[PDB]
Structure formats: C-alpha cells, structure tokens
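One chain comes next, on its own, written out as structure tokens in the form deposited in one PDB entry.
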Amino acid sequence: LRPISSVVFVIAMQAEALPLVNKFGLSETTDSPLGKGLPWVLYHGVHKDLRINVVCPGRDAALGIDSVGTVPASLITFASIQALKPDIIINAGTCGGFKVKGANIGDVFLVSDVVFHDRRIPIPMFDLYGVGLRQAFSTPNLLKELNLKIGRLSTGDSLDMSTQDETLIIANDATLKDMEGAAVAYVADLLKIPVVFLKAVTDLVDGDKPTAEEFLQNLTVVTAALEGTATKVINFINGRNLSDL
C-alpha cells in the first residue's frame, strides 16, 4: 500500500486532548471547517510525514462542559472523515477498567474489538445489531513494539454502571469501559476508515473506590500517560503503510 499520510484523533474531552496538542505544537483551527456555529474544536499540524488533526465535541452551548458520549463523538468522527479524508482514526481517551481482567490505573490499552452494553434490543438480529461488535484495525507490530496491554472495549452513554449494564459487560468479557468507542467504530466502519483505540484506565470498575470520584482524582496523571503513549503511536505510524501497522 501507499504510506499513511493523515491521522485524525477523536478525543471526547478537551483536557485529554491538550497535552497531545502541546507535544506536537498543533494549532487551533479558526475557520469552522466542519460547520459554522458548532461547538466542535479542531487542532491541526504536520509532523514529519504525517498530517495530524485532533477533533473534540467541545463544550455544551447551554451547560458549558465537554460534550461526552456516543452521539457527539459519532458526529465529529463523521464530519472529520468527510472533511479531511484521513487514512486512520485514533479514538484516544480515559476509561474504566476491570482489575480481574488485569487492568491497573495508568495503563494505556490498545483495543482488540468493541461492543455496546446499553443498546438492548430483544428481537433476534436486532440484539446483535445493538451489541455492535466491531474489530479495531489490526496493528500487531505497534502492539508488539510499544508493548501495550490489549482487551475488549464496552461502550455506553453512562459513567456509572447499572445492573443490566454490568450483566452485558461481563457476558461480553470486556476489559475496558467507556462512553464513545463503539460509536467511533460504527462511523469508521460506515465510512471504511481504519480505526484504532488508546484507552487509558482512570478507575477500577470492580475495585473499591466510587467510579466518579476515582475517575476525577486520576484524570490528570492518566491523561499524561495517554499523551506519552499517543506520542509514541504517532512516531511509530510515521512512514508506515497500513500493512506495516
């Protein structure tokens, strides 16, 4: 194949995006290419062989906080692909992890495949549609060379975990829990773009700390770990085609 020339990072919270924006001295896009009047934020730059763009759903017009979850993440994935036609999408962010699955706080995981835990449609074949099992782009050399942990990602639009959520997450044998990944995959799949995930563990879903409190306390230190790893992924991707990883 031809060498990868353009990467787009999809990142749900600006705080998680910014250390990576610094590292590569990307600059904030000023011309609203994805749509006038949208709250979306885009940073762009060029690094050795690669165009680097990073897109965030930005702050909610009315409530002023990051617009997390499946819908905005899906919209910015769609709009950034149509506008920039990248070779690869990278969905990078924080997540819950399971101790029992070997997750530890600060671990930055590669994702093998992804599902949803909150799309329950008890009609045959709609049930499978709602789970939405999709494989990440095969990156074995990146996996091997960066020495990343890998596991299944389970997505839903809640930060806590209901009984039914827990039932499906366990049944799907997920290691990791988030609010955007499976939706990013859905759009990447829809538009035929290779997708890879970097999910940095901020809290242990099966541990003894409350989720909300642990996620918030560990956000800054884990974001920094995420930046470190994203930086190495960008450097590894540079000059490769998709077969090389």
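So that the term is clear: the rigid core is the largest set of C-alpha atoms that superpose within 1.5 Å between two forms. Numbers follow the displayed sequence, beginning with 1. Residues that one form lacks are left out of the comparison.
Unshown form deposited in another entry; subsequent notes refer to it.
Measuring CA movement between this form and the one not shown with the rigid core aligned, the set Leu38, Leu216, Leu191, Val46 has one residue at 2 Å or more: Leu216.
Look at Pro210 and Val222: in the other entry their Cα atoms come 3 Å or more closer than in this form. Relative to the shown form, the Cα atoms of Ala212 and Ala185 move apart by 3 Å or more in the other entry. Core-based superposition between this form and the one not shown shows that the consecutive residues, three or more at a time, whose C-alphas shift by 2 angstroms or more lie in one run only, 210-218.
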